[PDB]
Structures are given as C-alpha cells and as structure tokens.
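Next comes just one chain, in structure tokens: the form deposited in one PDB entry.
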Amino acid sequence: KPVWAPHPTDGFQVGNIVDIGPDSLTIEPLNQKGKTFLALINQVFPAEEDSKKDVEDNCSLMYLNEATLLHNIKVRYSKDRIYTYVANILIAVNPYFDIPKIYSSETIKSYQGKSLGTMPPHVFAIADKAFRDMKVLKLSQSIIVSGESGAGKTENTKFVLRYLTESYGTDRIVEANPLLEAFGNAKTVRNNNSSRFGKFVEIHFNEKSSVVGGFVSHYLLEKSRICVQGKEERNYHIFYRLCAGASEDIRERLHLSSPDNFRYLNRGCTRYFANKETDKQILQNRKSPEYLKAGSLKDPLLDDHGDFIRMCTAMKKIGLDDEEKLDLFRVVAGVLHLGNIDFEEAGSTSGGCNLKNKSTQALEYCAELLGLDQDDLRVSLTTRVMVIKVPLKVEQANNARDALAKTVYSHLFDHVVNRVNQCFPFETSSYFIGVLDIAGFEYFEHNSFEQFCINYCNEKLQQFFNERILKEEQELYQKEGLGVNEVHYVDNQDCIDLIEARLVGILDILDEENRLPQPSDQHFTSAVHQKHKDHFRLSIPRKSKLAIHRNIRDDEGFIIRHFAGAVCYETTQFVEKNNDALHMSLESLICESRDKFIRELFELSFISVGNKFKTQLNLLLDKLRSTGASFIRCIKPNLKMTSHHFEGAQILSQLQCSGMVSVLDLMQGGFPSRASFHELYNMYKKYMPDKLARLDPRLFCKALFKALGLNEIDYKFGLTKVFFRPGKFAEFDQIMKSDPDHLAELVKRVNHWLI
C-alpha cells in the first residue's frame, strides 16, 4: 500500500495514494492524515514492504526502481555501508570521513578468492572479480571508476591498486600516487584534492598471475591553473607542499617565501591544509597574511606539511635520488619566479614594453633556477622575431611569460609520469588489469577548451558504456534466445563526428587555424558554423535559453547539444589552448639551458592538443574494447564535503544522469555469468562414468545442476550456454571450479543423484 512519491529535496517521500485524476495521483504523506499533494502517475513508485531492511544487492529488491534504489543506498549509507551492488556493478557513496578498518590488511586478505556476494559489497570484491576473470579467461580487464567531481573516483582507484598489489604481488605502484597528485591535483570549489588530469593505471601480470610492473597513461593536464586561479581555489599542490614543508636550506636555495609573494599563487587561496599539530611544524616565514588571519584550511585527507614529508618518502621508496628531487623542485621554483616577472608600457604609442624595475630580482632568480642568461630571458619575453626583432605590447609579454610557464610545467609533469613508469617497468607481461579514473561531463557559467576536451572524451566513453552494457550484452541474450526485454539507446556518433571527423571535425578546423599566418579564435568559430550549418548538434550562442549567452556573438562561441545537456563554449583562447608547443624563440632559449635536466625536458612551432588527445583516447578505447569491463559508480552525497549528510535529490540526479536508473530492469532481468554447455561437459568428461559421458553436453549440465539443488531462480539455458542470474555468482563459481578433487566430488554427487 505505501508508495514513493516526489519530494523536492529528498528525491522521494513515503505516502499513500488517496485519489486518481487525469495524469495525476493524489498522495497523502505518511502519518499526515488530511494533508495531500499531487504527483504525476509516472513519478509514483511501489515501495518495499519492509522500510527498515537493507539489501547488499539492489537486484534483491522486490520492486527495483529509482525510488527503492535511492532508499536502499540511503539506509546503508546511514550505517556507514557505502558500498552496494546492482548485480556486478558497484555503487560507492562518498563517506567524507575514514570508516575504521574497512581498508585494513586483514580486510584485504578476507576478500581474496571469494565469489561476489559471499562477502559484503566492497571495492576489493570488484578488484578480486577482475583478477579472477583475468586468470580464468586469460583476458586483460578494465575497471572504470566514474562519477562527479569529489564523488570518490581517485580514492576508489587507489583502493583497487592497493588491493591488487598487496594480494597478488611478490609497493611502488601504490607509492607513485603521492608524486602524481603533488604535480597534477589541486584544490577546486568541488574537491580539495581534485584530479586536474585523467589517468589509466595498468597493473601487469606474468603467466602465473603475479604482479610484474605497471604503466600509467595521463591525459589533459589543466594548463590554465598554472598561472591563475579563482579566489577559493589553488594551483597544483606541489607549490604549497614545497612552501609549507621545505627545509630552510631548500627554501633559501630556491628563494621561496609565503605563497602571497607569488603572482602564480596569490589570486587563489594562499592558505595551507593543516591541523593543530601540523600547523606548529610549518615555520612562521611560510605563512601568508590570510593564513595568519583566517587560520588553516581543513580536510580529513590533505595536509600540506605532512604531504610534503610523505611525498619525499614516496620519492625515496620509488628510487628517485636526492639529486632528481632537487631538480624537480628547481623547475617548480623557476616557474614561480617566472610568474613574478612584470612588464610596463614603453613607446610614445605604448607599442612596446619593459620589465618593471621591481621585477629585477624575479628575473635573476628565474634565470638562475632555469639555467638561463638573464638578458636572453628578458629579450625573449619583451620582443618577437619575424632578422627583424620588434617590441611586444604588455599584454603580449604577459602571454609569452605565461606560455613559457605552462609549457615548462606541462613538460615537467610528462617527465614525472615517465619517471614513475620507469620505477615499475617490465620487459614482458601476459595480461593486465587497468583502472580508469577520468572526469566526466561537466559545465559551468563559462566553458572553454578544457571543458570541450573533457566533454568530447565523455561522448566517446558514453558510447563505449552503451556498446558494452546495452548493445553487446543484449545481442548475446538475443542470439541465445533468452527473451530479455530490450533496453534501447540513441547512438551519439553524430556528436562524436562533429568534434573529431577528419578535415570537417571541430578539432581539424581548429588545427587549420593554428597553421594560418595570423590565427584568430573568431575566424575559427565562423569556419565551424559555416561548415556545420546543417548539423543538429551545433548552434550559435544566441539560440540558448539562458540570459548569460544573450551577449555572445556568433564568432565568439558555439553550443554543442550533448545528450547530457547543451553546453555553450566560449571560443576565446581556443587557438592558444590548442597549441602544446612554445614559439621558436622561447623553445630555443629553453633548449639551450645550462642545466642538463632543463634541456632533457625538451629533448611555425605547433603541436595540436586536440589531436594529441584524440590519438591517446583512441588508444585507451582500443584497450577498453579488447578487455573485460567492470564498473564502479561513485556518488557524491552533498555539495558541502560533509559526512552523514545524504542529499536525496542530488543523489537521485546522479543515479539518473549516470544511466544507472535506465538499466535497472536490464541488470535485474539479466544474466551476468555464463559458460557454454561444451566447455562444461569437456571439463567434467574425464571424471565421468559411461552413464554420464553418454549424455549430450546440455543434458549433462541439466543433471549436474539438478543434482546440486539449483533451479530456474538460479539459471536459464540458452541455445549454446547456461546463464546464471544476479546474486548467483557463488553457485556459478562452484560449477566452474576446475580442481580435480572438486570435479571428482561433483561427479560423485551426480552419480548418487542419478541412481
């Protein structure tokens, strides 16, 4: 009798239907006799009879729908059970605090070799199932960890890596994380430890299924962050870890000071993450005036001083020598000092510029740290070669300085990722388990090239999700004659082609612009609109429903009609953001550095960022399409980074946008485990007496399952394979186990049953 009906902030609320009208149901909220509200018929769902129970697999619910799924994960979350299955897919709700012992070495050991469902839902069980599938099927595997910014993708990715290396090893793969996060993570409004690059981490195994090494692929490091941030955000953690934690000897060698002293840090938040203890370990000369007034930033995970110490320990553990450590820090400090080089107008018509007299020290420190001559650096930032050496305007000098900073830092990040790969190499491997941790679809008031690339990535990955979860799965069910109700989808190749098609795609049109004598963002934007006037996925910014886009000219942006939502991209800076290469004069200044480390970072100048990413993404998709896939859907419970605060409407929105709601019936009515009658019969054959061997493979399988007490609630026979339903992984694993004693025992049971 009680049903779930909409609620503005909780998503759904309990009530009883008291009336029906055209396209409406009248709902009486539970225990509020007399009070009523209207709800659309299609927005009212049946509720589970027992409101207090919780199930480990949502497929176990009598009435699985968006409302009962939300309630089940809510009840579990209230009891610190953050992990729940939907058959073999895992839902992980971010707790925003450390739940005691759930990631301990004892917990890790408890998950080893256990069938899904034998143990409580956990990220370790997804990792173990991928390992078991890898070993049994002799097929590499991918674990895709998805969700909103701050949902827990990076934390769950780290739990998977720790589980696999601790269980199936003979520590560097785990130890590499603090190093990569130092250079590629930063505080954003949505996450204090936001990943500003995407990654695919592979753990490689030998023929005995033991760890031999790893490989990290990195994507789209955010360059804009290097030079300026929003007042509540920070630059990359490394800058603050260095300022908070460096010894006075290092501070002096690098000419470091409190973060408020650097243009590249001082528009963002200049405070450190610290607690009462670590704040006393940070020296007074590292603290900005805002830190001394407002106090430290608080986080349960991050600690700038503590993290610097842990990073140095990680560097030692991985084999990074003390010399390489200082080489990395010198580049980081060189980029900070570069940012302090300021310019002033020069010329009777302000056509040129000069370094401000106050910037003399910054020029000196920067040149010293980057191994450059002060004069060549000053000249390269204030003039342009076209031979002919002409003055730059102040705005152009600021751009040249910032371009050099962004390129040096991005090359340093490429160096760090490569150095980490060199710490766990392998000459050969039989298979791998790869973990994908990349940002999904996102949009803000202002969307630029960074959002354009991430949303393009999302179109391609969404297509992979559709092809694997819906297309391939249902084609198997249909071919096998299973009669599973079909879930349809609309393919997005038209959106992918708009962005990436050769010659006509937006990325190619943008590259065309970078190669022109006088590149222009406006010329690029007009070329897109002119080429794609008939494309239903593209529109001018004036077509938008929002007031913020009313002033955007046709050549100043474009709208992409992604199925996830229409996004208006402002095209200013698309041409500059699309170039990974430095101008020839800055490139030569940096390639000719006195410092070997600097020359080694760099060992018409144009490298397409868009097409570099397209090639990388295609290599990633080649790997995903050729491996088995497991999915973890991370959920962010609130926008306040707080524990025990479940925002039902926000969580419901994520469950809907992720596509999880659209597949609930397909997963519940699906068959995640299967084997052919032939492979089963062939495995048992040698143990069979004649009476069993004489049976056709399908008939032997039927006798085996009946003897073991299995029924239609556990399995269904297809044309060539047996299929096991959700919540039947343990039963399937028993049938599949190839140990001679185990096979002989099951045959003994079948022989006894048959009599």
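Here the rigid core means the biggest group of C-alpha atoms that line up within 1.5 Å when the two forms are laid on top of each other. Throughout, we count residues from 1 along the sequence that is shown.
Compared with other entries of the same protein, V387 falls in the group left without coordinates by at least a third of them, where both flanks are modelled.
When the other compared entries with both flanking residues are checked, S520 is modelled in all of them, not unmodelled in a third. Per the record, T170 and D171 are separated by 4 to 9 deposited residues that have no coordinates. In this entry, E106 and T107 are joined directly, with no residue of the deposited sequence lacking coordinates between them.
Stretches 405-413 and 564-572 differ in mean CA B factor, with 564-572 having the higher one. A summary of the deposited B-factors shows that, of 677-685 and 183-191, the stretch with the larger mean C-alpha value is 677-685. Among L461, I552, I226, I496, the highest C-alpha B-factor recorded in the PDB entry belongs to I552. Annotation for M119, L436, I388, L336: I388 ranks highest, by Cα B-factor. Per the PDB record, residue ranking by Cα B-factor puts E745 in the highest third of the chain. Residue-level temperature factors show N235 in the lowest third of its chain, judged at the C-alpha atom. When the CA B factors of the chain's modelled residues are split into thirds, the value for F602 lands in the highest one. Among the modelled residues of its chain, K358 has a C-alpha B-factor that falls in the highest third, as given in the PDB entry. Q654 sits in the lowest third of its chain by CA B factor, as recorded in the PDB entry.
There is another form of the same protein, the form deposited in another entry; it is not shown, and what comes next is about it.
Compared between the shown form and the other one on the core, the listed residues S217, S448, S149, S224 keep their C-alpha shifts below 2 Å, save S448. Once the rigid core is overlaid between the shown form and the other one, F97 does not reach a Cα shift of 2 Å, moving by less than that. With the core held fixed, the Cα of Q284 is displaced between the shown form and the other one by less than 2 Å. Taking the rigid core as fixed, one finds a CA shift for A649 smaller than 2 Å between the shown form and the other one. The Cα-Cα distance between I590 and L516 is lengthened by 3 Å or more in that other deposited form relative to the form shown here.
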